[PDB]
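Novice: Before we start, here is the structure in question, set down as structure tokens.
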Amino acid sequence: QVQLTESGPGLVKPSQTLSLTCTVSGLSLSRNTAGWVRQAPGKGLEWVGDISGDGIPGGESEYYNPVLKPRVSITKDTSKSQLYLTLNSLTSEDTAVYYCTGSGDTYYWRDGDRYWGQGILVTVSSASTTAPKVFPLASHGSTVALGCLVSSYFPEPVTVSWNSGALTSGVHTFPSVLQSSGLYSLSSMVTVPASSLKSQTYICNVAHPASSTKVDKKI
Amino acid sequence: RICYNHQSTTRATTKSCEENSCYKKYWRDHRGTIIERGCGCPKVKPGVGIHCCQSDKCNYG
Amino acid sequence: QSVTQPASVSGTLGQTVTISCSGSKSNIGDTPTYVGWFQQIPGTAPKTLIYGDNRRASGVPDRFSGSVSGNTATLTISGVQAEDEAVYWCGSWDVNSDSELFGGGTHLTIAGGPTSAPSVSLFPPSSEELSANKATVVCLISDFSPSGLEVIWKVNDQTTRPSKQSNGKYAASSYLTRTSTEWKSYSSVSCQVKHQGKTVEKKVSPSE
């Protein structure tokens, strides 16, 4: 079970440098190659680069996307079992989800399994954090649908839970929308039995980490 | 150009080629070394070796 | 150098579906072979289905296989299932540019499956948002299959792409934004969902 976990700032200003860490478990970074791939909102996968392991002889110590070579640097610390990405001269075109990747090559380059992290969204913008506002969503077959709307936040990373995770059946958290205002919004809903409408209480817990604002709304 | 195109230790084979060079590429697999013979001078992947030459039937050993 | 794959493919449940990625001898056609096939459910990280010399990754169902002919790589899904609906990316290593090239992705959708009517829920702007001089009407559509629908808003008589729910059906969200004045002056807002030759229109009008 190889585990790749990305960490770093979710918001960065233009012209600054993006610095991301990847913690690697279950794969030796001394022998195995590891790198970075990225995916801009609505765009396709774009190879960022790789730092080579000891396994495959006769190659460069790193390989980078020529489109980014002047700005990119990938390093690693095998003692901490960590990989590091640095990207200079940032532009809004660098806004993307960054995935740490690992390889299990044996005999030649890219002959082995490819492991993926969960990805971390980095947003390149000169704006600052905007906390969300959590409004209810209730209205009037045998079941009823309720939820709450997370409005006008920035940057995009936001999470929603229901009754502190105790409720997972019938819950759905939708993807976000970017309004022309430049801010983001999403909604989260759950289907419950009509009876529970007057028996149990349902609160949603919203979290904007980039603003450290954790809110709890009742319905 | 006339180049060898036989694999590893198989019987020798030849082929005509518009290119100027012949190549012998080699890498490791689970039992030993695989060798690929052809024409042109391809770039190779890390972990793969290659030797190119520019005469007829120069990529045998 | 670039590798291309068709934008869309469709298949009936149980059929075989192929997705082909057309490259060059410098990448997909390079020997020793590397072709990667990665499956991405919208909103989540890609998962490796095929890697290296067209080998299959751990815990990947045996209905996925990869092959190469000339400079074209093909992912074959032998008997597509509902959960196979997703975006498939090919990747390969180019020895001329020393780099990994990815295709533009192919979206596989499944057809023929039983159709589930969409459940619509319309929510008006809360008293709070109206207090903030703004109106957001929320249309939440859930439990529809197939995944494609159409949302049409109306007043006086921005949407999100549908995503899979936990139960396997699809859900989508729509927001109608209008200055508090624009909605408190309307007579009746309405969200109409059109799905598989059926239409469901739910209405919310300015409150007291």
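Chain identifiers are assigned as A, B, and so on, following the order in which chains appear in the structure tokens; residues are numbered from 1 within each chain, and ligands are numbered from 1 in order of appearance.
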Residues within 9 Å of residue 110 of chain A, please, as a list in words. Count only C-alpha atoms; anything in the same chain fewer than 6 positions from it doesn't count.

Specialist: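 Here the qualifying residues turn out to be residues 33, 103 and 104 of chain A; 45 and 46 of chain B; 33, 34, 35, 36, 51, 52, 53, 92 and 93 of chain C.
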
Novice: Would you mind exporting the chosen residues as a short mmCIF file (atom, residue, chain, number, x, y, z; two decimals), in the first residue's frame, restricted to N, CA and C atoms?

Specialist:
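What follows is the written file result_9.cif:
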data_model
loop_
_atom_site.label_atom_id
_atom_site.label_comp_id
_atom_site.auth_asym_id
_atom_site.auth_seq_id
_atom_site.Cartn_x
_atom_site.Cartn_y
_atom_site.Cartn_z
N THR A 33 11.77 6.09 -8.63
CA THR A 33 11.53 7.41 -9.19
C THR A 33 10.23 7.99 -8.65
N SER A 103 6.85 5.78 -8.87
CA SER A 103 7.07 4.70 -9.82
C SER A 103 7.67 3.50 -9.11
N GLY A 104 7.45 2.33 -9.70
CA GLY A 104 8.05 1.10 -9.22
C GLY A 104 8.83 0.41 -10.31
N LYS B 45 15.23 5.23 -23.84
CA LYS B 45 14.77 5.56 -22.50
C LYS B 45 15.89 5.34 -21.49
N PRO B 46 15.83 6.02 -20.34
CA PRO B 46 16.79 5.72 -19.27
C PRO B 46 16.74 4.25 -18.90
N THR C 33 8.58 -0.90 -24.30
CA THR C 33 7.29 -0.22 -24.33
C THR C 33 6.91 0.34 -22.96
N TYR C 34 6.39 1.57 -22.97
CA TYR C 34 5.65 2.11 -21.84
C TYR C 34 4.40 2.78 -22.36
N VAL C 35 3.24 2.28 -21.95
CA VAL C 35 1.97 2.97 -22.14
C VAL C 35 1.21 2.87 -20.83
N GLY C 36 0.74 4.01 -20.34
CA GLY C 36 -0.05 4.07 -19.12
C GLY C 36 -1.48 4.45 -19.45
N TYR C 51 -0.01 -0.02 -16.91
CA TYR C 51 1.28 0.64 -16.78
C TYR C 51 2.34 -0.14 -17.56
N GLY C 52 3.51 0.48 -17.68
CA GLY C 52 4.67 -0.21 -18.23
C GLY C 52 4.38 -0.87 -19.56
N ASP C 53 4.80 -2.13 -19.69
CA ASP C 53 4.64 -2.89 -20.92
C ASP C 53 3.23 -3.48 -21.02
N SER C 92 2.56 8.34 -22.13
CA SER C 92 3.69 7.61 -22.69
C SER C 92 4.93 8.49 -22.61
N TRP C 93 6.09 7.85 -22.68
CA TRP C 93 7.36 8.55 -22.56
C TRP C 93 7.95 8.77 -23.95
#

Novice: Taking the backbone alone, and naming residues the way the document does, which bits of segment 8-206 of chain C are strand (DSSP E or B) by DSSP, as number ranges by chain?

Specialist: C: 8-12, 16-22, 35-40, 47-51, 55-56, 64-69, 72-78, 86-94, 99-102, 106-111, 116, 119-123, 135-145, 150-154, 159, 163-164, 170-178, 189-195, 198-204

Novice: I need the residue nearest chain B from this list: A:44, A:119, A:58, A:8. Use only C-alpha atoms for the distance.

Specialist: A:58

Novice: Set out as a tab-separated table a contact list for chain A and chain C with a cut-off of 9 Å, giving each residue of chain A that qualifies its closest atom pair and distance in Å to one decimal, counting only C-alpha atoms, ordered by chain and rising residue number.

Specialist:
residue	atom	partner	partner_atom	distance
A:43	CA	C:104	CA	8.3
A:44	CA	C:104	CA	5.7
A:45	CA	C:102	CA	6.3
A:46	CA	C:102	CA	6.7
A:47	CA	C:100	CA	6.0
A:48	CA	C:100	CA	8.7
A:49	CA	C:99	CA	7.9
A:63	CA	C:99	CA	7.0
A:64	CA	C:99	CA	7.0
A:65	CA	C:99	CA	6.2
A:66	CA	C:97	CA	7.7
A:99	CA	C:45	CA	7.6
A:105	CA	C:52	CA	8.4
A:108	CA	C:32	CA	7.7
A:109	CA	C:34	CA	8.3
A:110	CA	C:52	CA	5.7
A:111	CA	C:52	CA	3.9
A:112	CA	C:52	CA	5.4
A:113	CA	C:51	CA	5.8
A:114	CA	C:48	CA	6.3
A:115	CA	C:48	CA	7.1
A:116	CA	C:47	CA	6.9
A:117	CA	C:45	CA	7.0
A:118	CA	C:45	CA	5.3
A:119	CA	C:45	CA	6.3
A:135	CA	C:126	CA	6.5
A:136	CA	C:126	CA	6.7
A:137	CA	C:123	CA	5.7
A:138	CA	C:123	CA	6.2
A:139	CA	C:123	CA	6.0
A:145	CA	C:121	CA	7.1
A:146	CA	C:121	CA	8.7
A:149	CA	C:138	CA	8.3
A:169	CA	C:166	CA	8.4
A:170	CA	C:166	CA	7.6
A:171	CA	C:166	CA	8.0
A:172	CA	C:165	CA	6.5
A:173	CA	C:165	CA	8.9
A:174	CA	C:173	CA	6.7
A:175	CA	C:160	CA	6.7
A:176	CA	C:160	CA	7.4
A:177	CA	C:160	CA	6.9
A:178	CA	C:158	CA	8.4
A:179	CA	C:158	CA	7.6
A:186	CA	C:173	CA	8.4
A:187	CA	C:173	CA	7.7
A:189	CA	C:140	CA	8.2

Novice: If the cut-off is 12 Å, can you tell me the residues of chain B near chain C, counting only C-alpha atoms? I'd like them as a PyMOL selection string.

Specialist: chain B and resi 25-29+33-38+40-50

Novice: What lies within 6 Å of segment 191-196 of chain C using only C-alpha atoms, ignoring chain neighbours under 6 positions off, as a compact mmCIF listing (two decimals) with N, CA, C and O atoms, in the first residue's frame?

Specialist:
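New file selection.txt:
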# COMPACT_ATOMS: atom_id res chain seq x y z
N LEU C 149 -28.55 15.51 -18.73
CA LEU C 149 -29.82 16.21 -18.60
C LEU C 149 -29.64 17.64 -19.10
O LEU C 149 -28.58 18.01 -19.61
N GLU C 150 -30.70 18.44 -18.97
CA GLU C 150 -30.64 19.86 -19.31
C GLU C 150 -31.45 20.64 -18.30
O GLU C 150 -32.57 20.24 -17.95
N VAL C 151 -30.90 21.75 -17.82
CA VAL C 151 -31.56 22.61 -16.84
C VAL C 151 -31.87 23.94 -17.50
O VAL C 151 -30.99 24.57 -18.09
N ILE C 152 -33.13 24.36 -17.40
CA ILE C 152 -33.59 25.64 -17.94
C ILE C 152 -34.22 26.42 -16.79
O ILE C 152 -35.15 25.93 -16.13
N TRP C 153 -33.73 27.62 -16.56
CA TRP C 153 -34.27 28.51 -15.54
C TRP C 153 -35.24 29.49 -16.17
O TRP C 153 -35.13 29.83 -17.35
N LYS C 202 -40.30 22.60 -11.36
CA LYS C 202 -40.67 22.99 -10.01
C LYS C 202 -40.54 24.50 -9.87
O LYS C 202 -39.64 25.12 -10.47

Novice: Please measure the separation of atom CA of residue 167 of chain A and atom CA of residue 211 of chain A, giving the value in Å to one decimal.

Specialist: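 So the answer is 25.2 Å.
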
Novice: Quick one: residues within 7 Å of residue 153 of chain A, only C-alpha atoms, excluding same-chain residues fewer than 4 positions away - as a PDB file with N, CA, C and O atoms, in the first residue's frame?

Specialist:
ATOM      1  N   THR A 130     -11.472  34.710   1.337  1.00  0.00           N
ATOM      2  CA  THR A 130     -12.838  35.178   1.551  1.00  0.00           C
ATOM      3  C   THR A 130     -13.615  34.026   2.172  1.00  0.00           C
ATOM      4  O   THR A 130     -13.815  32.990   1.529  1.00  0.00           O
ATOM      5  N   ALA A 131     -14.035  34.194   3.421  1.00  0.00           N
ATOM      6  CA  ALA A 131     -14.724  33.121   4.115  1.00  0.00           C
ATOM      7  C   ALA A 131     -16.113  32.907   3.515  1.00  0.00           C
ATOM      8  O   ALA A 131     -16.733  33.849   3.016  1.00  0.00           O
ATOM      9  N   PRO A 132     -16.626  31.680   3.548  1.00  0.00           N
ATOM     10  CA  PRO A 132     -17.965  31.430   3.012  1.00  0.00           C
ATOM     11  C   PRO A 132     -19.054  31.854   3.984  1.00  0.00           C
ATOM     12  O   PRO A 132     -18.825  32.065   5.176  1.00  0.00           O
ATOM     13  N   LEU A 183     -15.844  34.703  -6.930  1.00  0.00           N
ATOM     14  CA  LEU A 183     -15.898  33.836  -5.765  1.00  0.00           C
ATOM     15  C   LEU A 183     -16.564  32.515  -6.132  1.00  0.00           C
ATOM     16  O   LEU A 183     -17.115  32.342  -7.222  1.00  0.00           O
ATOM     17  N   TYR A 184     -16.510  31.577  -5.194  1.00  0.00           N
ATOM     18  CA  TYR A 184     -17.003  30.227  -5.397  1.00  0.00           C
ATOM     19  C   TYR A 184     -18.183  29.940  -4.477  1.00  0.00           C
ATOM     20  O   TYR A 184     -18.350  30.560  -3.424  1.00  0.00           O
ATOM     21  N   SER A 185     -18.999  28.971  -4.881  1.00  0.00           N
ATOM     22  CA  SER A 185     -20.102  28.518  -4.049  1.00  0.00           C
ATOM     23  C   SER A 185     -20.423  27.075  -4.400  1.00  0.00           C
ATOM     24  O   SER A 185     -20.199  26.628  -5.528  1.00  0.00           O
TER      25      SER A 185
END

Novice: Work out how far atom CA of residue 117 of chain C is from atom CA of residue 145 of chain C, in Å to one decimal.

Specialist: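 If I compute the distance from atom CA of residue 145 of chain C to atom CA of residue 117 of chain C, I get 7.1 Å.
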
Novice: Could you list, as a list in words, every residue within 7 Å of residue 216 of chain A, counting only C-alpha atoms and ignoring same-chain residues fewer than 6 positions away?

Specialist: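 Residues near the query, excluding close chain neighbours: residues 203, 204, 205 and 206 of chain A.
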
Novice: Identify, on the basis of only C-alpha atoms, every residue whose closest approach to residue 1 of chain B does not exceed 7 Å; exclude the query and any residue fewer than 5 positions from it along the same chain; express the result as a list in words.

Specialist: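 Neighbouring residues, sequence-local ones excluded: residues 16, 17, 18, 19, 20 and 56 of chain B.
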
Novice: Kindly indicate which residue among A:75, A:128, A:56, A:14 lies nearest to residue 95 of chain A, using only C-alpha atoms for the distances.

Specialist: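 The closest residue to residue 95 of chain A is A:14.
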
Novice: Using Å and a single decimal, report how far atom CA of residue 185 of chain C sits from atom CA of residue 208 of chain C.

Specialist: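 Result for atom CA of residue 208 of chain C versus atom CA of residue 185 of chain C: 11.8 Å, one decimal.
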
Novice: Report as a PDB file with N, CA, C and O atoms, in the first residue's frame all protein, DNA and RNA residues lying within 10 Å of residue 1 of chain A, evaluated on only C-alpha atoms, omitting residues in the same chain fewer than 5 positions from it.

Specialist:
ATOM      1  N   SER A  25       5.040   6.921   1.575  1.00  0.00           N
ATOM      2  CA  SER A  25       5.064   5.759   2.451  1.00  0.00           C
ATOM      3  C   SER A  25       4.914   4.497   1.617  1.00  0.00           C
ATOM      4  O   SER A  25       4.135   4.464   0.659  1.00  0.00           O
ATOM      5  N   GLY A  26       5.664   3.460   1.985  1.00  0.00           N
ATOM      6  CA  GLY A  26       5.595   2.183   1.311  1.00  0.00           C
ATOM      7  C   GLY A  26       6.403   2.082   0.036  1.00  0.00           C
ATOM      8  O   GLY A  26       6.339   1.046  -0.637  1.00  0.00           O
ATOM      9  N   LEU A  27       7.156   3.118  -0.320  1.00  0.00           N
ATOM     10  CA  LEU A  27       7.982   3.107  -1.519  1.00  0.00           C
ATOM     11  C   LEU A  27       9.292   3.810  -1.207  1.00  0.00           C
ATOM     12  O   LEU A  27       9.286   4.943  -0.721  1.00  0.00           O
ATOM     13  N   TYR A 115       1.974   5.147  -8.944  1.00  0.00           N
ATOM     14  CA  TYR A 115       1.162   5.478  -7.786  1.00  0.00           C
ATOM     15  C   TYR A 115       0.845   6.966  -7.795  1.00  0.00           C
ATOM     16  O   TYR A 115       1.664   7.785  -8.216  1.00  0.00           O
TER      17      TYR A 115
END
